[PDB]
Amino acid sequence: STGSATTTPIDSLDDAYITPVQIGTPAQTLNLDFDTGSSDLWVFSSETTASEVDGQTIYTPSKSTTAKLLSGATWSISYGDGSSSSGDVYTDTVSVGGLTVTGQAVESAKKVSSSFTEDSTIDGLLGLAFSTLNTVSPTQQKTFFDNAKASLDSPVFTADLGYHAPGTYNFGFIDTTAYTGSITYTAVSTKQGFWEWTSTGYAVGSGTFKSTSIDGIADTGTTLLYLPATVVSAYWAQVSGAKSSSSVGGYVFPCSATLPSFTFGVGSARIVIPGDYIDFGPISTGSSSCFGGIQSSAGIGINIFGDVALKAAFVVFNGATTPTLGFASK
Ligand SMILES: NCCN1CCOCC1
């Protein structure tokens, strides 16, 4: 079997991507944020505290004839961005672009933090990292990908995020018309439960490529590109007037600048992120200072190849016996 769904940026800056997901019987369609950096499928629901819901579509388990309450199971998650959510668990039929999983754990939110409430376009998350990070207690649950894997024509899912435009998440197959050249596969460590790999280096604009190992995670759930302070300082030093602002919480640059591109290595191959992809608009409405798309990971503890980097490539999340990541230009 296979699945294919369109993913769309929630706003003019590509702050996040939403993909329609069918849950329950009859189908309840919610727009979820596909997250390769987490492993919980959670939704805003009829049980979420009323004051914590503002515009989101909710899952009502009581209206689903296939929903079964998972006895005594609870979930609670805290993300790297300080956001959190928690609640109870149901098992239900979940479909992504024609691909169906029966008995998927659907984590119904009883509580969400303000960051989730203020994002009216995001009805919940769909975790695509390894099932070892799933927060369901006392019995850990599997991801949608993990549940569908055996049935898939090939044990893979692909992320093809668009820049200011719709994209695609495919399950079970590789669309050879969706990229140029070849896909370069690279080793993955699943020890931290992430699609963790090692980039072979970088280049800023037309500059000389620096061969250096950068360990990081392929994370569709993170908007920006988080890299070591040395690399990020080398990038912003090419932008006239750019500086790291402690009040804003990162590198900012004059909105009138044309940004240089950023290249990252995947083995001997290179993925070029165009400069416009690194522009995240005014720091505040009407400001002439803009927020940078490449930020230091010094406060995080891990490098994150978020949407800024992933949207420049066709990305294969290969869930074979030994998982690997594949990258191609497009
Ligand atoms: N609610 C602040 C965070 N969110 C995260 C996803 O994009 C929009 C902004």
# chains A, B, ... in the order shown; residues from 1 in each chain; ligands from 1

$ closest_atom_pairs --of "segment 165-276 of chain A" --to "segment 307-323 of chain A" --cutoff "6 Å" --atoms "only C-alpha atoms" --output "JSON lines"
{"residue": "A:220", "atom": "CA", "partner": "A:307", "partner_atom": "CA", "distance": 5.4}
{"residue": "A:223", "atom": "CA", "partner": "A:307", "partner_atom": "CA", "distance": 4.9}
{"residue": "A:224", "atom": "CA", "partner": "A:308", "partner_atom": "CA", "distance": 5.3}
{"residue": "A:225", "atom": "CA", "partner": "A:308", "partner_atom": "CA", "distance": 5.6}
{"residue": "A:273", "atom": "CA", "partner": "A:312", "partner_atom": "CA", "distance": 5.3}

$ residues_around --residues "segment 51-60 of chain A" --least-positions-apart "2" --cutoff "8 Å" --atoms "only C-alpha atoms" --output "JSON, numbers by chain"
{"A": [23, 28, 30, 31, 43, 44, 45, 46, 47, 48, 49, 62, 63, 64, 108, 111, 112, 113, 114, 117, 118, 119, 120, 121, 122, 123]}

$ select_by_dssp --residues "segment 254-305 of chain A" --states "strand (DSSP E)" --output "list in words"
residues 254, 262, 263, 264, 265, 266, 269, 270, 271, 272, 273, 279, 280, 281, 282, 289, 290, 291, 292, 294, 295, 296, 303, 304 and 305 of chain A

$ write_last_selection --atoms "C-alpha atoms" --output "short mmCIF file (atom, residue, chain, number, x, y, z; two decimals), in the first residue's frame"
data_model
loop_
_atom_site.label_atom_id
_atom_site.label_comp_id
_atom_site.auth_asym_id
_atom_site.auth_seq_id
_atom_site.Cartn_x
_atom_site.Cartn_y
_atom_site.Cartn_z
CA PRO A 254 18.10 44.58 7.73
CA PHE A 262 23.48 28.25 2.61
CA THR A 263 24.80 24.90 1.46
CA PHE A 264 24.96 21.76 3.63
CA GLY A 265 26.74 18.51 2.75
CA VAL A 266 25.12 15.07 2.56
CA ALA A 269 26.40 15.70 -2.36
CA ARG A 270 25.33 19.29 -1.61
CA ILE A 271 21.94 20.81 -0.81
CA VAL A 272 21.70 24.57 -1.56
CA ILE A 273 19.20 26.55 0.54
CA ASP A 279 14.26 35.46 5.53
CA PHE A 280 11.61 35.20 8.28
CA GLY A 281 10.25 38.76 7.96
CA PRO A 282 9.92 41.64 10.40
CA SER A 289 14.62 44.48 11.17
CA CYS A 290 14.02 40.90 10.02
CA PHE A 291 14.42 37.56 11.85
CA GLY A 292 17.00 35.10 10.53
CA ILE A 294 19.61 30.22 10.55
CA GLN A 295 20.13 30.39 14.30
CA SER A 296 22.62 29.07 16.86
CA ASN A 303 21.74 20.77 15.80
CA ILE A 304 18.33 20.83 14.05
CA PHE A 305 17.90 20.58 10.28
#

$ residues_around --residues "residue 169 of chain A" --least-positions-apart "5" --cutoff "9 Å" --atoms "only C-alpha atoms" --output "list in words"
residues 3, 4, 5, 6, 7, 19, 34, 97, 157, 158, 159, 160 and 161 of chain A

$ write_last_selection --atoms "C-alpha atoms" --output "mmCIF file, in the first residue's frame"
data_model
loop_
_atom_site.group_PDB
_atom_site.id
_atom_site.type_symbol
_atom_site.label_atom_id
_atom_site.label_comp_id
_atom_site.auth_asym_id
_atom_site.auth_seq_id
_atom_site.Cartn_x
_atom_site.Cartn_y
_atom_site.Cartn_z
ATOM 1 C CA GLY A 3 -0.311 7.151 0.916
ATOM 2 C CA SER A 4 0.106 10.619 -0.574
ATOM 3 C CA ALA A 5 -1.009 13.882 0.997
ATOM 4 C CA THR A 6 -0.477 17.568 0.273
ATOM 5 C CA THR A 7 1.258 19.621 2.964
ATOM 6 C CA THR A 19 -1.404 18.036 6.205
ATOM 7 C CA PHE A 34 3.779 16.212 10.604
ATOM 8 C CA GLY A 97 -3.860 10.404 1.702
ATOM 9 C CA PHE A 157 8.116 8.066 3.931
ATOM 10 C CA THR A 158 9.216 11.192 2.036
ATOM 11 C CA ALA A 159 9.021 14.879 2.928
ATOM 12 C CA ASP A 160 8.842 17.353 0.022
ATOM 13 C CA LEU A 161 8.109 20.709 1.658
#

$ select_by_dssp --residues "segment 44-236 of chain A" --states "helix (DSSP H, G or I)" --output "PyMOL selection string"
chain A and resi 50-52+61-63+114-117+131-133+144-148+229-236

$ closest_residue --among "A:181, A:167, A:221, A:193" --to "ligand 1" --atoms "only C-alpha atoms and all ligand atoms"
A:221

$ closest_atom_pairs --of "segment 12-103 of chain A" --to "segment 138-147 of chain A" --cutoff "10 Å" --atoms "only C-alpha atoms" --output "JSON lines"
{"residue": "A:38", "atom": "CA", "partner": "A:143", "partner_atom": "CA", "distance": 9.4}
{"residue": "A:39", "atom": "CA", "partner": "A:143", "partner_atom": "CA", "distance": 6.0}
{"residue": "A:40", "atom": "CA", "partner": "A:143", "partner_atom": "CA", "distance": 6.7}
{"residue": "A:41", "atom": "CA", "partner": "A:143", "partner_atom": "CA", "distance": 7.0}
{"residue": "A:70", "atom": "CA", "partner": "A:139", "partner_atom": "CA", "distance": 9.6}
{"residue": "A:71", "atom": "CA", "partner": "A:138", "partner_atom": "CA", "distance": 9.9}
{"residue": "A:72", "atom": "CA", "partner": "A:138", "partner_atom": "CA", "distance": 7.6}
{"residue": "A:73", "atom": "CA", "partner": "A:138", "partner_atom": "CA", "distance": 6.1}
{"residue": "A:74", "atom": "CA", "partner": "A:138", "partner_atom": "CA", "distance": 7.5}
{"residue": "A:75", "atom": "CA", "partner": "A:138", "partner_atom": "CA", "distance": 9.0}
{"residue": "A:89", "atom": "CA", "partner": "A:141", "partner_atom": "CA", "distance": 9.7}
{"residue": "A:91", "atom": "CA", "partner": "A:141", "partner_atom": "CA", "distance": 9.9}
{"residue": "A:94", "atom": "CA", "partner": "A:144", "partner_atom": "CA", "distance": 8.0}
{"residue": "A:95", "atom": "CA", "partner": "A:144", "partner_atom": "CA", "distance": 9.1}
{"residue": "A:96", "atom": "CA", "partner": "A:144", "partner_atom": "CA", "distance": 9.1}
{"residue": "A:100", "atom": "CA", "partner": "A:144", "partner_atom": "CA", "distance": 9.2}
{"residue": "A:101", "atom": "CA", "partner": "A:147", "partner_atom": "CA", "distance": 6.6}
{"residue": "A:102", "atom": "CA", "partner": "A:147", "partner_atom": "CA", "distance": 8.6}
{"residue": "A:103", "atom": "CA", "partner": "A:147", "partner_atom": "CA", "distance": 8.7}

$ write_last_selection --atoms "N, CA and C atoms" --output "PDB file, in the first residue's frame"
ATOM      1  N   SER A  38       9.297  14.227  16.792  1.00  0.00           N
ATOM      2  CA  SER A  38       8.532  13.705  17.924  1.00  0.00           C
ATOM      3  C   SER A  38       7.751  12.453  17.519  1.00  0.00           C
ATOM      4  N   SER A  39       7.139  11.756  18.481  1.00  0.00           N
ATOM      5  CA  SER A  39       6.523  10.460  18.197  1.00  0.00           C
ATOM      6  C   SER A  39       5.134  10.262  18.757  1.00  0.00           C
ATOM      7  N   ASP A  40       4.413  11.353  18.968  1.00  0.00           N
ATOM      8  CA  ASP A  40       3.048  11.275  19.454  1.00  0.00           C
ATOM      9  C   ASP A  40       2.104  11.825  18.404  1.00  0.00           C
ATOM     10  N   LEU A  41       0.994  11.128  18.158  1.00  0.00           N
ATOM     11  CA  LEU A  41      -0.046  11.637  17.279  1.00  0.00           C
ATOM     12  C   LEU A  41      -1.069  12.210  18.252  1.00  0.00           C
ATOM     13  N   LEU A  70      -8.366   3.857  25.385  1.00  0.00           N
ATOM     14  CA  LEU A  70      -7.279   2.978  25.786  1.00  0.00           C
ATOM     15  C   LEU A  70      -7.197   3.137  27.301  1.00  0.00           C
ATOM     16  N   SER A  71      -7.721   2.124  28.011  1.00  0.00           N
ATOM     17  CA  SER A  71      -7.825   2.084  29.464  1.00  0.00           C
ATOM     18  C   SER A  71      -6.570   2.443  30.235  1.00  0.00           C
ATOM     19  N   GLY A  72      -6.704   3.487  31.039  1.00  0.00           N
ATOM     20  CA  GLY A  72      -5.663   3.985  31.931  1.00  0.00           C
ATOM     21  C   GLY A  72      -4.470   4.653  31.280  1.00  0.00           C
ATOM     22  N   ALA A  73      -4.507   4.794  29.950  1.00  0.00           N
ATOM     23  CA  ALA A  73      -3.409   5.405  29.233  1.00  0.00           C
ATOM     24  C   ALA A  73      -3.540   6.915  29.225  1.00  0.00           C
ATOM     25  N   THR A  74      -2.425   7.597  29.494  1.00  0.00           N
ATOM     26  CA  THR A  74      -2.321   9.059  29.479  1.00  0.00           C
ATOM     27  C   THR A  74      -1.043   9.423  28.720  1.00  0.00           C
ATOM     28  N   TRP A  75      -0.953  10.670  28.282  1.00  0.00           N
ATOM     29  CA  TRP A  75       0.210  11.158  27.557  1.00  0.00           C
ATOM     30  C   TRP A  75       0.468  12.582  27.995  1.00  0.00           C
ATOM     31  N   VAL A  89      -5.993   8.726  25.866  1.00  0.00           N
ATOM     32  CA  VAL A  89      -5.710   8.030  24.626  1.00  0.00           C
ATOM     33  C   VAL A  89      -6.852   7.195  24.148  1.00  0.00           C
ATOM     34  N   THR A  91      -7.857   4.529  20.646  1.00  0.00           N
ATOM     35  CA  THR A  91      -7.380   3.856  19.456  1.00  0.00           C
ATOM     36  C   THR A  91      -8.473   4.116  18.417  1.00  0.00           C
ATOM     37  N   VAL A  94      -6.978   5.806  11.364  1.00  0.00           N
ATOM     38  CA  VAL A  94      -6.341   7.018  10.882  1.00  0.00           C
ATOM     39  C   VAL A  94      -5.900   6.823   9.434  1.00  0.00           C
ATOM     40  N   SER A  95      -6.242   7.780   8.579  1.00  0.00           N
ATOM     41  CA  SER A  95      -5.884   7.733   7.186  1.00  0.00           C
ATOM     42  C   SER A  95      -5.151   9.002   6.742  1.00  0.00           C
ATOM     43  N   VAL A  96      -4.057   8.792   6.014  1.00  0.00           N
ATOM     44  CA  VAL A  96      -3.271   9.851   5.429  1.00  0.00           C
ATOM     45  C   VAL A  96      -3.196   9.602   3.928  1.00  0.00           C
ATOM     46  N   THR A 100      -4.394   3.788   5.163  1.00  0.00           N
ATOM     47  CA  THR A 100      -5.131   3.605   6.401  1.00  0.00           C
ATOM     48  C   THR A 100      -4.433   2.705   7.416  1.00  0.00           C
ATOM     49  N   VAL A 101      -4.472   3.117   8.701  1.00  0.00           N
ATOM     50  CA  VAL A 101      -3.993   2.334   9.838  1.00  0.00           C
ATOM     51  C   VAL A 101      -5.186   2.187  10.801  1.00  0.00           C
ATOM     52  N   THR A 102      -5.609   0.956  11.088  1.00  0.00           N
ATOM     53  CA  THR A 102      -6.664   0.732  12.082  1.00  0.00           C
ATOM     54  C   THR A 102      -5.968   0.527  13.427  1.00  0.00           C
ATOM     55  N   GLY A 103      -6.586   0.977  14.506  1.00  0.00           N
ATOM     56  CA  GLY A 103      -6.011   0.796  15.840  1.00  0.00           C
ATOM     57  C   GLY A 103      -4.858   1.720  16.160  1.00  0.00           C
TER      58      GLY A 103
END

$ closest_residue --among "A:165, A:13, A:188, A:69" --to "ligand 1" --atoms "only C-alpha atoms and all ligand atoms"
A:13

$ closest_residue --among "A:85, A:259, A:176, A:297" --to "residue 230 of chain A" --atoms "only C-alpha atoms"
A:297

$ decode --residues "segment 148-174 of chain A" --atoms "C-alpha atoms" --output "compact mmCIF listing (two decimals), in the first residue's frame"
# COMPACT_ATOMS: atom_id res chain seq x y z
CA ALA A 148 1.76 1.17 8.45
CA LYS A 149 5.33 0.00 7.66
CA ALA A 150 4.59 -3.72 7.12
CA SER A 151 1.76 -2.89 4.68
CA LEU A 152 3.73 -0.21 2.76
CA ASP A 153 5.17 -1.16 -0.67
CA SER A 154 8.56 0.08 0.67
CA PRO A 155 9.31 0.94 4.36
CA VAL A 156 9.75 4.68 3.70
CA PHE A 157 8.12 8.07 3.93
CA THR A 158 9.22 11.19 2.04
CA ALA A 159 9.02 14.88 2.93
CA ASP A 160 8.84 17.35 0.02
CA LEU A 161 8.11 20.71 1.66
CA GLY A 162 7.41 23.72 -0.52
CA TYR A 163 8.84 27.22 -0.30
CA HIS A 164 5.80 29.54 -0.18
CA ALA A 165 3.83 26.75 -1.85
CA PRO A 166 2.18 23.36 -1.24
CA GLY A 167 4.22 20.19 -0.97
CA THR A 168 3.80 16.49 -0.41
CA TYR A 169 4.25 13.72 2.20
CA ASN A 170 4.36 10.28 0.56
CA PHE A 171 4.27 6.92 2.37
CA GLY A 172 5.48 3.63 0.91
CA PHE A 173 7.07 4.96 -2.28
CA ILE A 174 9.69 7.23 -3.87
